[PDB]
Amino acid sequence: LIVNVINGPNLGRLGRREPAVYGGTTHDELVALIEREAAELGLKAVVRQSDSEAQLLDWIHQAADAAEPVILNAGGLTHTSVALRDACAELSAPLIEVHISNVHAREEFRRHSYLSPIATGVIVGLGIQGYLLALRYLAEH
Amino acid sequence: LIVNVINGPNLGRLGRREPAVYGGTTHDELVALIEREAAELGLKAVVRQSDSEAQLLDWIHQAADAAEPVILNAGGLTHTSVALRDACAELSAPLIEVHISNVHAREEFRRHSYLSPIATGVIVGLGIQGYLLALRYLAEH
Amino acid sequence: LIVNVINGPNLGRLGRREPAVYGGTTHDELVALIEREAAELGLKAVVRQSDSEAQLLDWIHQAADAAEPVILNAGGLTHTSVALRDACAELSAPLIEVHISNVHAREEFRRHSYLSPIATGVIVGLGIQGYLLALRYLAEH
Amino acid sequence: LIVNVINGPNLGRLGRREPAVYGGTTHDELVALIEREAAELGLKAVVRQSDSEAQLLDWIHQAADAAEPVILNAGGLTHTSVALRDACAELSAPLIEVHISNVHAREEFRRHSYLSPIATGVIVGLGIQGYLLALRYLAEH
Amino acid sequence: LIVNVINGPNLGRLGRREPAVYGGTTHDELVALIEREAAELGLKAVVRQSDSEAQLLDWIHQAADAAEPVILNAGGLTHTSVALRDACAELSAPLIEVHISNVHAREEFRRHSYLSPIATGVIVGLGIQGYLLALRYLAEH
Amino acid sequence: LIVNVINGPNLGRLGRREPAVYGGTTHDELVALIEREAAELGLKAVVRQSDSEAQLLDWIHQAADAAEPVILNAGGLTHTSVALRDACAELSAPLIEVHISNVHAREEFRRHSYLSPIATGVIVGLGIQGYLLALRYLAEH
Amino acid sequence: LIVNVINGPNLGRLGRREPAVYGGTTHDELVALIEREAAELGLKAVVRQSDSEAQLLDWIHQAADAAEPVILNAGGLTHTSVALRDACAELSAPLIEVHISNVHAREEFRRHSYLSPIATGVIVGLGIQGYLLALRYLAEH
Amino acid sequence: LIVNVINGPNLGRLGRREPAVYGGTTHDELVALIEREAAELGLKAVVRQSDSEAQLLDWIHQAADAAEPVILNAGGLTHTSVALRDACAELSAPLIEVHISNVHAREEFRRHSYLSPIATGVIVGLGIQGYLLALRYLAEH
Amino acid sequence: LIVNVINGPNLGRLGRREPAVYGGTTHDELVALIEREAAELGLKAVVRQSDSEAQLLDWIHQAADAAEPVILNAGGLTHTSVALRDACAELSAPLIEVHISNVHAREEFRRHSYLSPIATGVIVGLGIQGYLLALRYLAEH
Amino acid sequence: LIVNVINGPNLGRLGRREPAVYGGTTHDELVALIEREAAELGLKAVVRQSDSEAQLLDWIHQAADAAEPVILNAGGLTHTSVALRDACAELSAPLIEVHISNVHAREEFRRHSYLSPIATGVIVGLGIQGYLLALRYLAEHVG
Amino acid sequence: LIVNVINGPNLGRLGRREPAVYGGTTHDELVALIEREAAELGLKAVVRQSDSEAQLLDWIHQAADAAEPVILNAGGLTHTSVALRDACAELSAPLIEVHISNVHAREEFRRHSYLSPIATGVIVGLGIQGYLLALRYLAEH
Amino acid sequence: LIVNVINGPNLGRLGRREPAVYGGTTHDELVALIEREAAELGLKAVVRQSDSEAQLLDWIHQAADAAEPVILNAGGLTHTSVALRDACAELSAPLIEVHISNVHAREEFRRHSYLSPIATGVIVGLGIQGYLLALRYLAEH
Ligand SMILES: O=C(O)c1cc(OCc2cccc([N+](=O)[O-])c2)cc(C(=O)O)c1
Ligand SMILES: O=C(O)c1cc(OCc2cccc([N+](=O)[O-])c2)cc(C(=O)O)c1
Ligand SMILES: O=C(O)c1cc(OCc2cccc([N+](=O)[O-])c2)cc(C(=O)O)c1
Ligand SMILES: O=C(O)c1cc(OCc2cccc([N+](=O)[O-])c2)cc(C(=O)O)c1
Ligand SMILES: O=C(O)c1cc(OCc2cccc([N+](=O)[O-])c2)cc(C(=O)O)c1
Ligand SMILES: O=C(O)c1cc(OCc2cccc([N+](=O)[O-])c2)cc(C(=O)O)c1
Ligand SMILES: O=C(O)c1cc(OCc2cccc([N+](=O)[O-])c2)cc(C(=O)O)c1
Ligand SMILES: O=C(O)c1cc(OCc2cccc([N+](=O)[O-])c2)cc(C(=O)O)c1
Ligand SMILES: O=C(O)c1cc(OCc2cccc([N+](=O)[O-])c2)cc(C(=O)O)c1
Ligand SMILES: O=C(O)c1cc(OCc2cccc([N+](=O)[O-])c2)cc(C(=O)O)c1
Ligand SMILES: O=C(O)c1cc(OCc2cccc([N+](=O)[O-])c2)cc(C(=O)O)c1
Ligand SMILES: O=C(O)c1cc(OCc2cccc([N+](=O)[O-])c2)cc(C(=O)O)c1
């Protein structure tokens, strides 16, 4: 059983700036933690990142066909993209929205997401571990 | 290392009237589940439930004074109580807000929480595992 | 066949100022006015008042477990308690909300209710007779 | 004592649609039970319905001139018409707003009423019986 | 030289009945006042009153086709009626909107007019004389 | 197969008004255009225009009882009338809202419609053509 | 009786810009116009302009002490000044707000006025003749 | 006439999933359909889909160079994209906005379009036939 | 006279954290100060604190029947409780609202209070001497 | 030593209108009340009224320059003036905002103040005595 | 070739306050800088400061008559003053608006300007150099 | 000293139309102009334009990693992209936001900017000169 982990705009920058807020782990190292954690839970995680909204939609589409779970952190698109929301609405396996930082402790405009109404759940503010916790949710379901 | 699991109004009624939105598990069964996960994780958890705001606050102060982490499902109070929030703001250890259902998929007034901004992070929509995941997060921090 | 009449905050002050907005019947006189009147309809009314939201929540739970109708004048909590609305949404028997004054002719904030969307219906501005007309509806559904 | 029962636009269609929100009773059947209930209290009920705003204003003026009480369900116009509001402001006898369906459980725009603030009282969501309870209140004053 | 004076809903009940913030002048006394004055100024006023939007529109289409000035007191329709606005936008002679009372010293929703933006001008809160002043404007333009 | 085309307040004056907003075709040539093009499609079009709300409702009621499709251009009432919306909600055959102008390129208030949420589909801003297009959809279903 | 006509910010620029919106006759022409027209009606008019909120307030207080009516055109300050509303609110003799241009036909922020709710009435859009029509009102009271 | 029919994000998924809103027709079936009808009207329909805003604007620009008309279903980008709006704003030939679903009958956010204000007209909720009717408009003009 | 000082939620925590804002005096110390200051002024102060809204309601009812002045710091209940407000609305003797911190300097929601409108006056942000000044003012009447 | 008490637009008309919203004391009587009162506390109050925004700004600047506290009742300007707010931001000595009436009991627009946020504290609805209790606050915090 | 540089309230306090929000340079050093920079560009800068709206309106009037360009830094009035907006709307030469600090980075209320819509453009957050850059625009036109 | 001049969506269409608002200079000309003007100031300007958000971000990410100053006109993405805002938020050298047109003199939605708050300064409406002026600011920093 394959799980798709999908990071959107700016997540490629992980650990290259703002260590307070997002932490000092890099994207590459995050891919590795997630694959490791996955394996130890009997899952197979494909972790991709893109700054491109088309590419993200493509990936969502593909999970919709394969019927795979998705853990999605879309960064900035969370608050702005209705298209992403529509592509994710087509998913029949679970969708777990994840944010590293606590968006509620930030600008007003970050407190709203088009994705959460259509997601199974949302993990916000638990840092990098939100991904591994989101896997545990899936291995358990 | 003690974790405080606190649940607000109506959560005593888990599993009884209402399935479908809140799951089939009862508050007794959830208590047993947290006891088992606690053990696995190698920490202790004290699960307490009350319909009364004044009781919740008293629990929160005690946690504040014992520097203990809190997992908090304040139920309807999440949306309305500034008092609970001010009590939570004192917490020197991490505060994890939990909701069983996805509040983002329900009436629009449920999409504002007075606790989220002062919490470490928030888990929503992951049903009862919501609590277990949060414990695990605390076992790692 | 039992009917629960439940009065929230400040309603134990009925009859002690305001002349005026609320009538001159005290809360004791009302209690018994309801009881006589439920009786002449073949109903058995349990009349209860409390200033404690927590106490009101426990009453609603019981009505919910017993499948009995409720007549709720929540007082102040009508505009403010999401927890009270969640407890009520659980009732399977009819729920009638009641206000003694006409909330629509007073402060704007009194015009929104968290309860009304989940009641069977709402009676406003008919003064004390509002409770008696709710009994009448219950006698007939 | 004479009481005017005035139904505005679409009330003609009662019991012929969605019945299932408004009930299965026809406008004719309503008139009948309004008129029997009138009888049992010593009142004369004059029940009137029109789709026209001007007709309703007219009936309202004549009740203002006669000083007779009014039970009004303005239907759609409740949410939209100031003139209707300015018309009823002139009534010196009591005015009861009645809605058949519980308008707080439907669309947002159904929740504001221009007539509520100027009415003696409002009865909502008790179905057809709303009318009968409105008569009963008038009997007693 | 023809000026049309058109009164909207509830105006047929000037100082009868509603005195109140509108004076002691009846609609009939007003017709005479406006006639006497208009003649005093070299104009013929035609003064018509109706509780009916469709009737008002009819009157306005006719003044558009005749190209005669309109002094309109739309009453409640001022605030709710787009059709009336659209009717009046085709008037090529001057349009003066008049209100006897000062609509700005009352409820919030009266402080908005669909007509004002397409009127030549607006006179408000100067009573009966509102009309006379309007005539005296027209007699110069 | 009978189609009811209904035109609301001010459409009587089409092509006697503002060319290149609503364009130079009169109401009568429109009727003729609609009746010809309807037959070409093996449909019978009954076209009517009224400035009276109650008269439009009457017609809607009729098309509901007869189960006939309705093409409605409600004029101003589009933005103002819950009663009209309530009427059309009862239609069991398709309802197609048509505006001659592009309502979205005008005043802000024109961008809201009480009718669209309850209509099959909406055609906006294609001029008179939009009526024929609506016929064309119906002919197919 | 002595009437105070008070002109606010930018009114000394009358007739030297925006003749399309504000007319063409200068502030001087205006003073003499109003003066002559007041004489013909049996009043004495004292007309002043200032760009200074402090000075307008000084004149308003004076009017208050003498119990003289005011015709005020606050210019820009109409929309923005609470201090001016407060000063005007103390005048026991009538106060008429006048605007030269049809404010409801311009930018939206022009449709709000702090002064209107405390005036006796308002004249808007009638050009320069607004001042003279307000003279004509005061001559009657 | 070459007409460019442009489809935005998620429209590639037409047919696949899922048809109470949107229908049973795949994106390719629709290309075929738009092509035949365009031909049978004497036009050449270029029909392209992209999940990529940049790709969408590249096509609009080209259409703007060749002065060709555009029929646009921008999907979710209708609700969010000023860039898309600015790109369309330089078309000289017509722009018809089309939505297969009736956007007014869903989430409140869908009822806003950055596009509608700069389109000539808009067709919503007529289905696949939506494209053909726009094609027919273009044929007539 | 007896003055009632009533502190609500989270005020027992005074001085024992967040001293930047509240600042350093504990509630016991505050009790003494207030008593010493009340006796030096010739008043008897009863100081009471509680996290229980219903307990706060009870103390106000008592002061209402006693017709005694009340000094109230409701804590977070200030921005949230209609119930507390309605209870104080009944007080016949003066009501001072106190806040230790400057609420207008913090989160936006703390800027609004349901008690302010019904209170004689409010002291905000003068720290703990707030209570003393309110006593000072009560000695003066 | 020295406290500035500054009153904004219309306060010069105190007690010439709607008493019992304000109530019966004139501005001059208020000047006497404050001065005597501040002296009993061992302070020196300078009291000033102006309807002119620019004059209040000028007075605020000198208070800022002399590191003297301001007790301020800006009247109408409380609700509308960003110029005043910005002059006031620059006081480092205490700033107490006063309102004679209870603004929360009146029209909605009166319940927002551009000054509250940059003020030390605010006193509202305690009438003329609001100024006196502000003085006593300063007096109790003389170091 | 004369350039008017007009600074509003508080700007006389430059550099004698917050060396970090507005730079270290005083108003006098600014007047020197601007007049210098203007010479080597071939212009005459007249730099003026006032804390008084009337004085600012006066200066603006004069530029409107002299038909001279204006670089305006209104200070706090930028956000609150229609009177000043209306004065500037007269100018025929360029009007450039300057803020030393980035007003978008501060309080929300600072983000709205009555001036901007009638300016040639706006320069914000570039410090004292904003003025020199505006001189370069005017030198080039 | 390298300076990144980045241009967003639709900016490739400069000069190729709408000259009234954007100028008649084309994008290539802008590039040459900027490069040559930066060089006089002893800067190396890298001008780039793309309709792809992903591309724009790549460019921002590189500037952040090189600590190079950036001049940004995000075009439409200015009002909608949180992603881009977040890319920009990590620039450690200066960021000047630039718009050719005055955004405050146009549609409402153009007056809000996601980028403005995180920028050093903004230049609006100074035409193509805005870019040049932005180079001068950076010349001194
Ligand atoms: O909406 C947000 O506030 C938001 C944006 C968002 O975009 C990703 C991002 C934004 C800025 C910097 C980084 N980064 O240096 O990895 C990543 C991420 C997150 C999150 O994962 O907590 C939250
Ligand atoms: O309004 C909420 O956000 C809310 C309320 C809420 O009330 C608690 C509740 C728990 C168990 C049953 C009920 N119920 O039978 O209405 C209510 C719970 C939750 C949650 O955990 O997702 C959320
Ligand atoms: O029954 C009501 O109309 C009612 C009662 C209610 O409880 C207040 C109250 C009830 C009975 C007496 C008093 N009183 O004598 O101070 C106060 C509150 C509200 C409300 O907030 O809208 C409404
Ligand atoms: O706008 C409403 O909320 C509304 C409208 C309203 O209009 C009358 C109406 C509308 C649609 C259908 C019917 N009908 O079938 O009687 C009647 C009635 C009622 C009501 O009595 O609950 C409520
Ligand atoms: O809603 C209004 O602002 C309004 C309504 C309005 O409707 C006419 C009307 C309303 C109530 C009573 C009367 N009347 O009989 O005098 C007439 C009139 C006027 C007016 O002329 O000031 C104003
Ligand atoms: O603003 C509207 O909502 C509106 C009003 C509206 O009112 C009818 C109407 C108004 C003014 C003139 C005409 N006409 O051309 O006769 C008709 C029509 C239309 C339309 O079909 O686009 C739109
Ligand atoms: O009298 C008016 O209509 C008026 C005048 C007014 O003062 C502006 C002004 C008046 C006279 C001349 C000019 N001018 O030639 O720049 C400007 C402002 C306003 C307003 O803010 O709506 C209204
Ligand atoms: O947000 C919209 O209004 C929207 C989005 C939209 O995106 C296309 C789309 C979205 C979700 C699913 C599909 N699809 O499976 O065909 C297509 C299309 C349409 C439409 O043509 O009605 C409307
Ligand atoms: O947020 C408020 O409105 C609020 C809450 C509030 O609750 C009391 C409180 C809240 C949080 C901490 C403490 N405390 O550590 O004494 C006390 C007090 C005050 C106040 O006195 O200004 C203001
Ligand atoms: O913003 C207010 O409502 C306001 C205005 C205000 O301006 C002074 C003022 C306004 C109206 C009358 C008087 N006066 O008779 O001094 C003074 C003062 C006060 C106050 O001290 O409560 C409050
Ligand atoms: O409130 C503003 O937006 C504002 C006010 C404003 O008023 C003048 C001012 C306010 C506070 C301090 C100073 N100063 O000593 O330069 C000046 C200036 C500026 C600015 O130049 O960015 C901005
Ligand atoms: O430079 C600008 O002011 C600008 C450019 C911009 O890109 C639009 C554009 C630029 C150049 C040409 C065209 N065009 O020919 O449609 C359009 C958008 C916006 C904006 O959203 O306010 C602003």
Side-chain angles (χ1 to χ4, degrees), chain C residues 7-18 20-22 27 73-79 98-103 106-107 109-110 113 124-125 130, chain G residues 7-19 21-23 27 73-80 98-103 106-107 109-110 113 124-125 130, chain I residues 61 64 82-83 85-87 89-90, chain J residues 82-83 85-87 89-90, chain K residues 7-18 21-23 27 61 64 73-79 82-83 85-90 98-103 106-107 109-111 113 124-125 130:
Chain C
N7 283 327
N10 303 312
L11 271 152
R13 300 305 287 188
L14 254 214
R16 282 70 125 7
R17 198 214 252 203
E18 271 79 55
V21 205
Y22 292 106
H27 187 273
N73 184 357
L77 301 164
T78 316
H79 326 294
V98 170
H99 300 285
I100 296 181
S101 51
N102 181 357
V103 293
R106 298 184 65 204
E107 297 97 325
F109 64 81
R110 294 198 204 275
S113 166
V124 148
Chain G
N7 278 324
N10 292 313
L11 288 152
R13 310 297 301 169
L14 237 189
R16 318 215 323 104
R17 216 69 75 116
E18 318 208 2
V21 186
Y22 297 110
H27 191 284
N73 183 358
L77 298 173
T78 279
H79 320 293
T80 68
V98 170
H99 301 294
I100 286 156
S101 74
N102 181 339
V103 289
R106 301 170 66 189
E107 312 97 310
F109 69 76
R110 290 198 196 270
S113 161
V124 148
Chain I
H61 302 147
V82 162
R85 173 209 187 118
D86 288 336
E90 175 189 3
Chain J
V82 176
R85 183 192 166 112
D86 290 332
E90 169 194 28
Chain K
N7 288 310
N10 296 305
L11 286 147
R13 306 292 286 183
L14 209 49
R16 283 168 60 185
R17 161 227 206 122
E18 286 144 276
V21 193
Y22 302 97
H27 194 267
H61 299 333
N73 189 346
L77 302 185
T78 312
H79 318 296
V82 170
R85 176 208 176 87
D86 283 352
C88 298
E90 191 164 350
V98 169
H99 304 312
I100 297 151
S101 72
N102 179 353
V103 290
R106 301 162 74 185
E107 302 94 323
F109 68 69
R110 258 167 237 269
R111 288 182 82 182
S113 175
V124 146

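Lettering follows sequence order; numbering is per chain, from 1. Both ligands and their constituent atoms are indexed starting at 1 by order of listing.
The backbone N or O of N10(K) sits nowhere less than 3.5 Å from a side-chain atom of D86(J) that would complete a donor-acceptor pair. Counting only distance, with no hydrogens or angles, the side chain of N73(C) and the backbone of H99(C) share no donor-acceptor pair below 3.5 Å.
Between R85(I) and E107(C) there is a salt bridge, since at least one side-chain N of the basic residue sits less than 4.0 Å from a carboxylate O of the acidic one. Checked for salt-bridge contact, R17(C) and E90(I) miss the test: no charged N lies under 4.0 Å from a carboxylate O.
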Distances only, to 0.1 Å: what are the N or O pairs between ligand 11 and the protein that fall under 3.5 Å?
unit_1, atom_1, unit_2, atom_2, d
ligand 11, 1 (O), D86(J), OD2, 3.3
ligand 11, 1 (O), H79(K), NE2, 3.4
ligand 11, 1 (O), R110(K), NH1, 2.2
ligand 11, 3 (O), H79(K), NE2, 2.5
ligand 11, 7 (O), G76(K), N, 3.4
ligand 11, 15 (O), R13(K), O, 3.2
ligand 11, 21 (O), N73(K), ND2, 3.3
ligand 11, 21 (O), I100(K), N, 3.0
ligand 11, 22 (O), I100(K), N, 3.4
ligand 11, 22 (O), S101(K), N, 3.1
ligand 11, 22 (O), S101(K), OG, 2.8

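Side-chain contact between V21(K) and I100(K) is absent, with no heavy atoms from C-beta onward closer than 4.5 Å.
Distance check, rounded to the nearest 0.5 Å: NE2 of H27(G) to CG of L11(G) gives 6.0 Å.
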